[PDB]
Amino acid sequence: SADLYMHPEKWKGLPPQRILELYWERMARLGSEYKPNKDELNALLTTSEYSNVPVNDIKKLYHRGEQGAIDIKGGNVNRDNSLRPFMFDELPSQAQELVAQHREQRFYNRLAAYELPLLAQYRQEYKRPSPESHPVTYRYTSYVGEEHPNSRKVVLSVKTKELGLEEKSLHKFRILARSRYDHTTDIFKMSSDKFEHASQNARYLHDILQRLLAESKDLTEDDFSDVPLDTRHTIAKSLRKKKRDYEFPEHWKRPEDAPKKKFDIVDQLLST
Amino acid sequence: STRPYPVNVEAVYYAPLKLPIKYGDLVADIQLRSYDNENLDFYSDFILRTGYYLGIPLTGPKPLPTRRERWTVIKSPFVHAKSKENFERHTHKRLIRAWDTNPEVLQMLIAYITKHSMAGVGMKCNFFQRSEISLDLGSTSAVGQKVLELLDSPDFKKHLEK
Amino acid sequence: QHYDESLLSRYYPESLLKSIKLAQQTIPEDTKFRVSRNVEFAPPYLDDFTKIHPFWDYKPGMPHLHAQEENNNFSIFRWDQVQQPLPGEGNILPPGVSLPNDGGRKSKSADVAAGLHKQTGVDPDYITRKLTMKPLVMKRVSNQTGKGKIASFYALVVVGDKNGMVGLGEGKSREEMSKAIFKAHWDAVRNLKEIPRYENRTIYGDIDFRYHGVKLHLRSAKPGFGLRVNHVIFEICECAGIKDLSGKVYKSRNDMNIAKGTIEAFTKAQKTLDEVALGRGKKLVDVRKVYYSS
Amino acid sequence: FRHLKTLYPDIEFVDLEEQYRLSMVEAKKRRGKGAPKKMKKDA
Amino acid sequence: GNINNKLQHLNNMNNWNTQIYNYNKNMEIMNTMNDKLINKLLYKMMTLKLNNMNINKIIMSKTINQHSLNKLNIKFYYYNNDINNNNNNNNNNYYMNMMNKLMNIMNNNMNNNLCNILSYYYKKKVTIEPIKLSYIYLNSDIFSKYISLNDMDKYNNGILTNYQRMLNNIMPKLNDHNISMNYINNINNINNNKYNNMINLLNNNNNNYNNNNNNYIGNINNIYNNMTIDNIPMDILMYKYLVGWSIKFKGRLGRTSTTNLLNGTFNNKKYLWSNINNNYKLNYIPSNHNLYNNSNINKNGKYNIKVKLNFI
RNA sequence: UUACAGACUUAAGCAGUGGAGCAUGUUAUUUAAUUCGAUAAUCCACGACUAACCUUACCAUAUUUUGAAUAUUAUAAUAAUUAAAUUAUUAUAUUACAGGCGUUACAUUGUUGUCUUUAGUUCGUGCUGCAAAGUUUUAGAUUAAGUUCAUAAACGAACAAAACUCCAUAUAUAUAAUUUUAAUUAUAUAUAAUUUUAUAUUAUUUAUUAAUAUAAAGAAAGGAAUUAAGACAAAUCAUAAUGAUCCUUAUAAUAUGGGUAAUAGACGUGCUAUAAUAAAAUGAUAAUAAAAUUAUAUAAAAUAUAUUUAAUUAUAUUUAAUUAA
Ligand SMILES: [K+]
Ligand SMILES: [K+]
Ligand SMILES: [K+]
Ligand SMILES: [Mg+2]
Ligand SMILES: [Mg+2]
Ligand SMILES: [Mg+2]
Ligand SMILES: [Mg+2]
Ligand SMILES: [Mg+2]
Ligand SMILES: [Mg+2]
Ligand SMILES: [Mg+2]
Ligand SMILES: [Mg+2]
Ligand SMILES: [Mg+2]
Ligand SMILES: [Mg+2]
Ligand SMILES: [Mg+2]
Ligand SMILES: [Mg+2]
Ligand SMILES: [Mg+2]
Ligand SMILES: [Mg+2]
């Protein structure tokens with residue numbers, strides 16, 4: 001069990017190595033908050049044969065620590081094996097990096113073989129929103145694993161001809177949108193990042209849309225029919241982009257010069 | 001009989017499968033960025049495999065133009081501004097697009113690929129939600145407040161007196 | 001290919017059967033898989049990925065970028081050993097290389113014996129067991145170059161079996177004196193020669209030999225006389241197997257030239273009684289030996 | 001580093017940079033090149 | 001082939017100690033600054049003392065900070081020479097030496113693990129993976145630090161004739177050419193084993209119209225016959241054998257003196273005899289070569305230890 | 001000191017420098033200060049990729065004294081631990097000190113400038129000389145050139161290198177539901193050349209050869225990076241770091257203002273100009289680019305004023321879109 005290391009009373013009867021593993025886990029997990037326990041020492045004394053350590057030493061080592069072991073050793077002078085000869089038993093650190101790369105690849109391969117297939121239980125059939133009842137598009141942005149100010153930005157885009165506005169009200173809507181309407185594409189796009197949360201900004205754009213639609217549909221005082229649509233903003237945008245608006249002349253086409261498929265008996269015979 | 005290798009294991013040895021786009025309703029744009037292409041491409045391939053099993057038609061990874069940043073330094077610490085060293089950083093970009101998918105399934109994709117992300121890869125996701133014109137329940141600055149407080153303080157009210 | 005659950009359930013673990021069933025219901029049997037020539041997702045070898053390799057996979061319980069355990073559920077509490085030992089045999093010893101287990105048990109005589117056997121065909125056992133090597137000259141020489149004085153170690157050694165075979169070798173090394181002695185020991189064995197010995201104890205008569213500036217006067221001696229000669233000549237006689245000898249060195253007493261002169265004298269300045277008899281067609285009798293014969 | 005002696009009482013860490021500085025201070029005291037006692041504002 | 005396989009080339013992402021990309025450039029600068037500071041802090045946590053005369057110095061390499069979308073993994077290599085209890089007994093199985101105590105506070109300690117403290121500094125999940133290297137000449141960074149900090153009594157009055165000799169007998173002088181040619185033969189054999197597998201699987205036929213569009217050759221088993229994890233992986237791994245090493249000294253050990261020790265190979269022949277192509281790390285360092293410098297202070301002052309290892 | 005070779009130079013050509021004004025650096029001088037270097041080649045728009053304050057290192061005046069660090073010992077305020085003591089944090093105080101663009105690049109780490117030469121160095125074995133040493137043909141041939149090849153009691157190996165390579169270019173495959181469109185593109189992978197072939201001529205060491213021309217095939221024509229050694233004890237202690245030595249109510253720290261922008265002469269490097277193979281206006285279904293930049297922002301269109309019909313230019317008002325193929 002996960003909490004077994006915290007209950008040395010229950011260690012009695014466990015195999016020798018399991019008791020040592022639970023003794024090492026209690027020391028690693030507690031650290032400076034580790035206090036010797038009698039039950040723990042009793043279990044460790046039972047492993048004096050699995051390790052061949054004198055039962056007396058176990059007690060000292062269990063109460064003294066590294067210092068106790070240094071005394072049992074009799075000295076603290078071990079040869080300096082820092083330039084010992086290589087025994088072709090370990091890999092260089094640069095080769096261990098290439099093995100790590102391969103450990104990662106295999107980790108992903110295993111996920112794709114046996115974990116990704118389980119995701120098919122969550123398949124849901126696309127419930128397409130009708131293009132006519134849902135003409136507005138809200139773009140949200142999310143920077144995964146990052147705090148980015150632009151994540152709050154919300155964009156609203158709709159085709160004016162899909163708003164269900166009459167002819168006169170459609171004209172007033174386009175006049176009042178000003179630079180936010182592109183006559184060439186018929187797209188009305190407005191974005192807001194004024195608020196701190198995207199949900200707040202989405203409502204703000206929604207509220208403005210309702211206000212603009214109400215004013216455009218209230219033609220009791222002014223309809224702005226005399227005022228023609230101003231496209232100067234769109235023209236400026238078009239001049240900054242390159243226009244490849246030329247097509248091959250149709251009267252230049254020579255369909256009689258195209259290669260004619262040849263007759264291949266083998267392919268004709270291999271099909272029967 | 002030899003050991004059978006099922007289709008799930010075999011798929012790992014071949015290019016990721018892609019589901020056909022039926023309607024063309026773009027639901028999300030996932031842009032991946034890294035300073036190296038190798039992890040970027042590997043991770044992009046993994047996303048396509050995750051989406052397939054989730055039932056998400058995916059396109060890409062479309063390679064976007066690599067951005068290059070440049071810095072020119074003088075090699076010497078104090079003088080000798082005639083020998084200059086060049087340094088650069090390349091941002092590699094990939095675009096994976098999702099189509100004709102419900103929002104819940106799309107969030108599962110983003111959650112899973114986030115849990116199993118690679119080092120040095122960044123991810124921006126633009127979600128597109130088609131909505132109705134009229135919705136139900138919908139979808140003051142610090143400086144201004146201090147100005148009002150300041151204009152009420154005695155050091156300012158003592159002048160505004162008319 | 002799609003396989004029935006029965007077959008797949010006899011090779012793959014139960015925990016992985018559900019994934020195989022779902023994959024065989026989502027991937028149509030008529031799928032034409034294509035090979036990617038940009039990104040290599042799979043390894044270069046076949047693997048079902050059903051078993052965790054103790055080395056090629058991440059160690060269960062070890063922290064790493066893709067560890068799936070929670071930070072409070074790692075199971076590596078001992079850090080005194082390498083967590084993932086090398087796979088298979090446990091070593092990467094290149095084919096044709098040997099693990100340097102024993103060092104210092106190598107014998108410069110055995111290294112000379114092995115190399116010389118491969119290069120000249122001499123028996124290793126004779127070199128390592130029958131031959132005795134004695135350094136005669138060990139000094140440092142120097143060459144003046146533009147970079148500076150380059151020092152070198154010079155070693156002159158004599159080898160012999162104490163039974164007539166003796167050889168002189170020279171060696172140079174810029175690194176250490178031990179390498180110079182190894183080369184000299186190597187050279188000496190290649191120069192092994194047989195020297196005539198009268199009764200296997202002394203030389204035939206007297207020798208007055210001139211080697212460059214060295215004047216060597218060697219006289220044969222009675223049995224039990226011992227070696228009463230220059231110290232350089234003494235060592236050579238010991239290796240060669242000369243027991244009784246008297247002599248004096250005149251003019252130049254350079255050790256190097258005494259050793260070479262002595263070896264040359266023992267070969268070019270001696271004539272056996274048998275060789276003298278055959279050349280002259282006469283019988284030569286050792287009176288002392290006949291006096292004690294039957 | 002100063003917070004390590006209370007976060008991990010069991011472990012005794014050594015700051016070699018700090019230790020090197022303290023040794024240079026004692027050495028200068030022994031050569032008579034120590035620092036003058038700082039004047040007190042009270043004076 | 002070499003750059004299309006994870007076992008035959010070093011990913012360029014590994015050339016940088018901070019492996020990160022954030023759209024928010026400010027957060028990326030902050031993470032980079034945080035990685036240097038933590039690296040400095042960890043260097044200060046490697047020196048431990050049990051008693052006045054028992055100071056254990058663990059040699060740590062620079063940290064590899066793997067920043068993913070959800071977590072940060074701090075990977076570093078460390079070398080520790082266990083000089084307190086280097087016996088043949090199992091007494092070490094009943095107490096935690098100082099190095100185990102230090103490694104267990106990285107992730108295991110339930111109350112004050114360093115990962116949780118760092119998780120608040122970085123505002124993301126953090127893991128630390130210490131990897132033990134058994135020799136000091138397997139990593140250029142560890143090797144330089146050991147010499148600089150531990151071998152001073154050997155080169156402070158000139159390079160001892162025994163010290164240099166040890167630094168020249170560390171590795172047997174492997175013949176780089178035969179090792180390079182053995183590697184190229186193994187690649188050719190593996191490449192010729194797969195071509196034969198497909199040629200046979202095609203000549204045996206494993207819709208004629210469909211026999212002009214699809215490229216599916218057949219069962220995965222047959223295509224990869226005799227290509228398993230027991231023979232392919234270990235034969236293609238690169239940078240597996242140390243073939244050269246140069247250790248330089250400099251500074252004041254009343255004028256600075258420089259001593260250079262050079263022993264072995266400083267090139268790779270796998271790139272000349274085969275279509276495999278070399279890569280430059282950071283666009284100026286060859287891939288086989290790993291160079292690091294470590295300085296320290298003595299009575300005279302600063303001296304630098306410059307070590308360069310060539311792994312092919 | 002000899003000969004040869006190599007560049008170095010020179011020539012030719014284009015545009016300049018040297019002359020005028022101004023910008024800028026330096027010198028000199030001045031100044032309370034005009035901070036300090038660098039200062040032949042290898043300083044002089046150099047450090048410096050921006051000196052109004054800041055930056056700042058200088059000057060005047062005023063002000064601070066354990067100061068930014070670590071540790072020790074007290075005192076408290078606070079939270080836990082432990083049966084009121086302990087431990088944590090914080091503040092204050094205490095003393096070792098902290099701090100120093102103070103001196104020393106000719107004490108240093110690191111970095112850099114300038115140059116030379118690389119078939120360069122070492123190692124192994126063999127061979128010659130008693131030996132220190134030498135390793136011999138050879139002062140080889142050839143190329144623009146290690147370029148390519150040949151050869152000798154030398155033969156190998158290792159690096160040094162060259163190269164391999166990466167880039168560019170040409171082509172192929174993959175990716176993009178061709179409205180993030182530039183598909184005439186983007187970026188991953190792979191291929192390609194260090195070009196090849198024949199033909200006549202001219203030389204040769206004539207052979208299984210070079211120099212040329214000629215026809216044929218091809219998109220094929222350019223770059224890169226790094227070092228091997230050594231010298232100038234060349235630059236830097238002012239990017240940061242170290243020893244020694246000096247300051248410690250001051251050579252440390254902060255604020256206000258000033259200076260670094262002074263001006264006789266001299267020098268370096270630039271800009272503008274001295275008119276007609278050249279300057280100035282105008283050119284709206286808008287002739288024709290590339291590479292960069294925009295969350296410590298890039299700012300459209302419109303309107304107003306200068307200002308006149310309008311345009312143009314400058315600024316204001318307003319702040320559309322985009323945090324980006
Ligand atoms: K030799
Ligand atoms: K000023
Ligand atoms: K003019
Ligand atoms: Mg806006
Ligand atoms: Mg305009
Ligand atoms: Mg644009
Ligand atoms: Mg000021
Ligand atoms: Mg100022
Ligand atoms: Mg000081
Ligand atoms: Mg000062
Ligand atoms: Mg100077
Ligand atoms: Mg000789
Ligand atoms: Mg197009
Ligand atoms: Mg100035
Ligand atoms: Mg003009
Ligand atoms: Mg135009
Ligand atoms: Mg405008």
# chains A, B, ... in the order shown; residues from 1 in each chain; ligands from 1
>>> interface_residues(of="chain F", to="chain A", cutoff="9 Å", atoms="only C-alpha atoms (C1' of nucleotides)", output="MDAnalysis selection string")
chainID F and resid 182 286 295 300:302 320:321 323
>>> residues_near_ligand(ligand="ligand 15", cutoff="10 Å", atoms="only C-alpha atoms (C1' of nucleotides) and all ligand atoms", output="list in words")
residues 272, 273, 275, 279 and 280 of chain F
>>> write_last_selection(atoms="N, CA and C atoms (P, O5', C5', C4', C3', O3' and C1' of nucleotides)", output="PDB file, in the first residue's frame")
ATOM      1  P     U F 272      25.192  63.097 -48.529  1.00  0.00           P
ATOM      2  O5'   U F 272      25.125  64.675 -48.716  1.00  0.00           O
ATOM      3  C5'   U F 272      24.064  65.425 -48.147  1.00  0.00           C
ATOM      4  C4'   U F 272      24.298  66.910 -48.266  1.00  0.00           C
ATOM      5  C3'   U F 272      24.690  67.422 -49.641  1.00  0.00           C
ATOM      6  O3'   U F 272      23.597  67.549 -50.533  1.00  0.00           O
ATOM      7  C1'   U F 272      26.109  68.379 -48.026  1.00  0.00           C
ATOM      8  P     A F 273      23.821  67.327 -52.108  1.00  0.00           P
ATOM      9  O5'   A F 273      24.731  68.558 -52.547  1.00  0.00           O
ATOM     10  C5'   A F 273      24.227  69.880 -52.467  1.00  0.00           C
ATOM     11  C4'   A F 273      25.318  70.920 -52.535  1.00  0.00           C
ATOM     12  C3'   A F 273      26.040  71.072 -53.861  1.00  0.00           C
ATOM     13  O3'   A F 273      25.284  71.795 -54.818  1.00  0.00           O
ATOM     14  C1'   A F 273      27.587  71.186 -52.060  1.00  0.00           C
ATOM     15  P     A F 275      28.447  74.436 -60.453  1.00  0.00           P
ATOM     16  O5'   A F 275      26.966  73.863 -60.567  1.00  0.00           O
ATOM     17  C5'   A F 275      26.681  72.493 -60.313  1.00  0.00           C
ATOM     18  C4'   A F 275      25.763  71.923 -61.362  1.00  0.00           C
ATOM     19  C3'   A F 275      26.224  72.136 -62.800  1.00  0.00           C
ATOM     20  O3'   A F 275      25.816  71.035 -63.609  1.00  0.00           O
ATOM     21  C1'   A F 275      24.145  73.207 -62.476  1.00  0.00           C
ATOM     22  P     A F 279      22.979  66.033 -59.779  1.00  0.00           P
ATOM     23  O5'   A F 279      21.954  66.694 -58.758  1.00  0.00           O
ATOM     24  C5'   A F 279      20.557  66.655 -59.006  1.00  0.00           C
ATOM     25  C4'   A F 279      19.959  68.039 -59.032  1.00  0.00           C
ATOM     26  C3'   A F 279      18.459  68.115 -58.809  1.00  0.00           C
ATOM     27  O3'   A F 279      18.112  68.031 -57.439  1.00  0.00           O
ATOM     28  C1'   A F 279      19.051  69.475 -60.649  1.00  0.00           C
ATOM     29  P     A F 280      16.777  67.263 -56.986  1.00  0.00           P
ATOM     30  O5'   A F 280      15.626  68.325 -57.257  1.00  0.00           O
ATOM     31  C5'   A F 280      15.766  69.672 -56.833  1.00  0.00           C
ATOM     32  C4'   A F 280      14.681  70.540 -57.412  1.00  0.00           C
ATOM     33  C3'   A F 280      13.294  69.926 -57.432  1.00  0.00           C
ATOM     34  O3'   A F 280      12.644  70.026 -56.176  1.00  0.00           O
ATOM     35  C1'   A F 280      13.757  70.917 -59.535  1.00  0.00           C
TER      36        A F 280
END
>>> residues_around(residues="residue F:134", least_positions_apart="6", cutoff="12 Å", atoms="only C-alpha atoms (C1' of nucleotides)", output="list in words")
residues 127, 128 and 153 of chain F
>>> residues_around(residues="stretch 37-43 of chain D", least_positions_apart="4", cutoff="10 Å", atoms="only C-alpha atoms (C1' of nucleotides)", output="list in words")
residues 65, 66, 95, 96, 97, 248 and 249 of chain F
>>> write_last_selection(atoms="N, CA, C and O atoms (P, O5', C5', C4', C3', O3' and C1' of nucleotides)", output="PDB file, in the first residue's frame")
ATOM      1  P     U F  65      23.888  58.117  10.203  1.00  0.00           P
ATOM      2  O5'   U F  65      24.897  56.899  10.021  1.00  0.00           O
ATOM      3  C5'   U F  65      24.428  55.628   9.589  1.00  0.00           C
ATOM      4  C4'   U F  65      25.564  54.711   9.211  1.00  0.00           C
ATOM      5  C3'   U F  65      26.558  54.406  10.332  1.00  0.00           C
ATOM      6  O3'   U F  65      27.042  53.070  10.197  1.00  0.00           O
ATOM      7  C1'   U F  65      27.695  55.398   8.528  1.00  0.00           C
ATOM      8  P     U F  66      26.698  51.963  11.307  1.00  0.00           P
ATOM      9  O5'   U F  66      27.043  50.586  10.587  1.00  0.00           O
ATOM     10  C5'   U F  66      26.654  50.354   9.238  1.00  0.00           C
ATOM     11  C4'   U F  66      26.344  48.900   8.987  1.00  0.00           C
ATOM     12  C3'   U F  66      25.506  48.218  10.067  1.00  0.00           C
ATOM     13  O3'   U F  66      24.658  47.239   9.469  1.00  0.00           O
ATOM     14  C1'   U F  66      27.569  47.102   9.861  1.00  0.00           C
ATOM     15  P     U F  95      30.103  46.646  17.895  1.00  0.00           P
ATOM     16  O5'   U F  95      30.539  45.208  17.369  1.00  0.00           O
ATOM     17  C5'   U F  95      31.291  44.319  18.190  1.00  0.00           C
ATOM     18  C4'   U F  95      32.041  43.310  17.357  1.00  0.00           C
ATOM     19  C3'   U F  95      33.072  43.902  16.400  1.00  0.00           C
ATOM     20  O3'   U F  95      34.117  42.954  16.181  1.00  0.00           O
ATOM     21  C1'   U F  95      31.396  42.819  15.156  1.00  0.00           C
ATOM     22  P     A F  96      35.658  43.396  16.271  1.00  0.00           P
ATOM     23  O5'   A F  96      36.362  42.569  15.106  1.00  0.00           O
ATOM     24  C5'   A F  96      36.035  42.793  13.742  1.00  0.00           C
ATOM     25  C4'   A F  96      35.885  41.495  12.987  1.00  0.00           C
ATOM     26  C3'   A F  96      36.009  41.588  11.476  1.00  0.00           C
ATOM     27  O3'   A F  96      37.356  41.631  11.040  1.00  0.00           O
ATOM     28  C1'   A F  96      34.120  40.278  12.031  1.00  0.00           C
ATOM     29  P     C F  97      37.738  42.383   9.675  1.00  0.00           P
ATOM     30  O5'   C F  97      37.117  41.448   8.546  1.00  0.00           O
ATOM     31  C5'   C F  97      36.515  42.000   7.386  1.00  0.00           C
ATOM     32  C4'   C F  97      35.020  41.805   7.401  1.00  0.00           C
ATOM     33  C3'   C F  97      34.283  42.257   6.151  1.00  0.00           C
ATOM     34  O3'   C F  97      34.324  41.294   5.112  1.00  0.00           O
ATOM     35  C1'   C F  97      33.187  43.115   8.054  1.00  0.00           C
ATOM     36  P     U F 248      41.110  55.447   6.245  1.00  0.00           P
ATOM     37  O5'   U F 248      39.643  54.830   6.317  1.00  0.00           O
ATOM     38  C5'   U F 248      38.513  55.588   5.903  1.00  0.00           C
ATOM     39  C4'   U F 248      37.229  54.808   6.036  1.00  0.00           C
ATOM     40  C3'   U F 248      36.853  54.396   7.459  1.00  0.00           C
ATOM     41  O3'   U F 248      35.433  54.424   7.607  1.00  0.00           O
ATOM     42  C1'   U F 248      37.086  52.467   6.119  1.00  0.00           C
ATOM     43  P     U F 249      34.756  55.030   8.934  1.00  0.00           P
ATOM     44  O5'   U F 249      34.886  56.609   8.761  1.00  0.00           O
ATOM     45  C5'   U F 249      34.830  57.204   7.469  1.00  0.00           C
ATOM     46  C4'   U F 249      34.480  58.674   7.524  1.00  0.00           C
ATOM     47  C3'   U F 249      35.283  59.509   8.519  1.00  0.00           C
ATOM     48  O3'   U F 249      35.495  60.818   7.990  1.00  0.00           O
ATOM     49  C1'   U F 249      32.984  59.653   9.042  1.00  0.00           C
TER      50        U F 249
END
>>> residues_near_ligand(ligand="ligand 16", cutoff="12 Å", atoms="only C-alpha atoms (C1' of nucleotides) and all ligand atoms", output="list in words")
residues 238, 239, 240, 241, 242, 243 and 244 of chain A; 284, 285, 286, 287, 288 and 289 of chain F
>>> residues_near_ligand(ligand="ligand 9", cutoff="10 Å", atoms="only C-alpha atoms (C1' of nucleotides) and all ligand atoms", output="ChimeraX atom specification")
/D:21,24-25,35 /F:97-100
>>> residues_near_ligand(ligand="ligand 11", cutoff="9 Å", atoms="only C-alpha atoms (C1' of nucleotides) and all ligand atoms", output="ChimeraX atom specification")
/F:37-38,105,235-236
>>> write_last_selection(atoms="C-alpha atoms (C1' of nucleotides)", output="PDB file, in the first residue's frame")
ATOM      1  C1'   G F  37      40.388  54.560 -21.473  1.00  0.00           C
ATOM      2  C1'   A F  38      42.101  53.257 -26.560  1.00  0.00           C
ATOM      3  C1'   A F 105      46.889  44.071 -18.125  1.00  0.00           C
ATOM      4  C1'   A F 235      44.317  45.873 -25.845  1.00  0.00           C
ATOM      5  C1'   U F 236      41.169  45.188 -21.749  1.00  0.00           C
TER       6        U F 236
END
>>> atom_distance(atom1="atom CA of residue E:192", atom2="atom CA of residue C:35")
18.7 Å
>>> interface_residues(of="chain E", to="chain A", cutoff="8 Å", atoms="only C-alpha atoms", output="VMD selection string")
chain E and resid 6 to 11 22 to 24 50 69 to 70 77 81 83 to 87 89 to 98 101 104 to 105 108 to 111 133 to 136 138 to 139 166 to 167 169 to 171 208 to 209 237 to 242 311
>>> residues_near_ligand(ligand="ligand 2", cutoff="8 Å", atoms="only C-alpha atoms (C1' of nucleotides) and all ligand atoms", output="count of residues only")
6
>>> residues_around(residues="stretch 120-137 of chain B", least_positions_apart="5", cutoff="7 Å", atoms="only C-alpha atoms (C1' of nucleotides)", output="PyMOL selection string")
(chain A and resi 133-144) or (chain B and resi 26-34+40) or (chain E and resi 19-23+66-69)
>>> residues_around(residues="residue C:228", least_positions_apart="4", cutoff="7 Å", atoms="only C-alpha atoms (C1' of nucleotides)", output="number ranges by chain")
C: 245-247
>>> write_last_selection(atoms="N, CA, C and O atoms", output="short mmCIF file (atom, residue, chain, number, x, y, z; two decimals), in the first residue's frame")
data_model
loop_
_atom_site.label_atom_id
_atom_site.label_comp_id
_atom_site.auth_asym_id
_atom_site.auth_seq_id
_atom_site.Cartn_x
_atom_site.Cartn_y
_atom_site.Cartn_z
N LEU C 245 88.13 -14.56 -16.28
CA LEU C 245 88.66 -13.63 -17.27
C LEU C 245 89.44 -12.54 -16.57
O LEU C 245 89.05 -12.07 -15.50
N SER C 246 90.55 -12.14 -17.18
CA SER C 246 91.35 -11.00 -16.75
C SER C 246 91.50 -10.05 -17.93
O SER C 246 91.37 -10.45 -19.09
N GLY C 247 91.78 -8.79 -17.63
CA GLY C 247 91.98 -7.83 -18.70
C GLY C 247 92.05 -6.38 -18.27
O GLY C 247 91.69 -6.03 -17.15
#
>>> select_by_dssp(residues="stretch 131-234 of chain E", states="helix (DSSP H, G or I)", output="PyMOL selection string")
chain E and resi 140-150+152-155+161-166+176-203+210-212+220-223+233-234
>>> residues_around(residues="stretch 10-14 of chain C", least_positions_apart="6", cutoff="10 Å", atoms="only C-alpha atoms (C1' of nucleotides)", output="PyMOL selection string")
(chain B and resi 3-6) or (chain C and resi 20+48+50-51)
>>> write_last_selection(atoms="N, CA, C and O atoms", output="compact mmCIF listing (two decimals), in the first residue's frame")
# COMPACT_ATOMS: atom_id res chain seq x y z
N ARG B 3 3.40 -14.35 -34.60
CA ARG B 3 2.77 -13.42 -33.68
C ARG B 3 1.97 -12.39 -34.46
O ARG B 3 2.51 -11.75 -35.36
N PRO B 4 0.68 -12.19 -34.15
CA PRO B 4 -0.10 -11.19 -34.88
C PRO B 4 0.23 -9.78 -34.40
O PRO B 4 0.26 -9.51 -33.20
N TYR B 5 0.48 -8.89 -35.36
CA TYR B 5 0.70 -7.48 -35.05
C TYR B 5 -0.56 -6.70 -35.39
O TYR B 5 -0.84 -6.47 -36.57
N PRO B 6 -1.34 -6.26 -34.40
CA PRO B 6 -2.62 -5.61 -34.70
C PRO B 6 -2.42 -4.27 -35.39
O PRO B 6 -1.33 -3.71 -35.45
N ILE C 20 -6.83 -2.77 -28.61
CA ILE C 20 -6.76 -3.43 -29.91
C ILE C 20 -8.15 -3.56 -30.52
O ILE C 20 -8.32 -3.43 -31.74
N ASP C 48 6.25 -4.57 -30.57
CA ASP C 48 4.84 -4.49 -30.21
C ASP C 48 4.58 -3.46 -29.12
O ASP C 48 3.45 -2.98 -28.98
N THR C 50 4.67 -3.94 -25.87
CA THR C 50 3.89 -4.54 -24.79
C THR C 50 4.71 -4.74 -23.52
O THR C 50 4.12 -4.88 -22.44
N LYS C 51 6.03 -4.76 -23.62
CA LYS C 51 6.92 -4.95 -22.49
C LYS C 51 7.82 -3.73 -22.35
O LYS C 51 8.28 -3.17 -23.34
>>> residues_near_ligand(ligand="ligand 14", cutoff="12 Å", atoms="only C-alpha atoms (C1' of nucleotides) and all ligand atoms", output="list in words")
residues 24, 25, 26, 34, 35, 36, 37, 45, 46, 47, 48, 51, 259, 260 and 261 of chain F
>>> closest_residue(among="F:255, F:198, F:155, F:183", to="ligand 1", atoms="only C-alpha atoms (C1' of nucleotides) and all ligand atoms")
F:155
>>> residues_near_ligand(ligand="ligand 12", cutoff="12 Å", atoms="only C-alpha atoms (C1' of nucleotides) and all ligand atoms", output="PyMOL selection string")
(chain C and resi 156+168-172+184+187-188+191+256-257+260) or (chain F and resi 127-131+133)
>>> select_by_dssp(residues="stretch 39-206 of chain E", states="strand (DSSP E)", output="JSON, numbers by chain")
{"E": [47, 48, 49, 50, 51, 54, 55, 56, 57, 59, 60, 64, 65, 66, 67, 71, 72, 73, 74, 75, 76, 77, 78, 79, 125, 126, 127, 128, 129, 130, 131, 132]}
>>> interface_residues(of="chain F", to="chain E", cutoff="6 Å", atoms="only C-alpha atoms (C1' of nucleotides)", output="list in words")
residues 107, 109, 164, 242 and 243 of chain F
>>> residues_near_ligand(ligand="ligand 7", cutoff="8 Å", atoms="only C-alpha atoms (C1' of nucleotides) and all ligand atoms", output="MDAnalysis selection string")
chainID F and resid 53:54 56 256
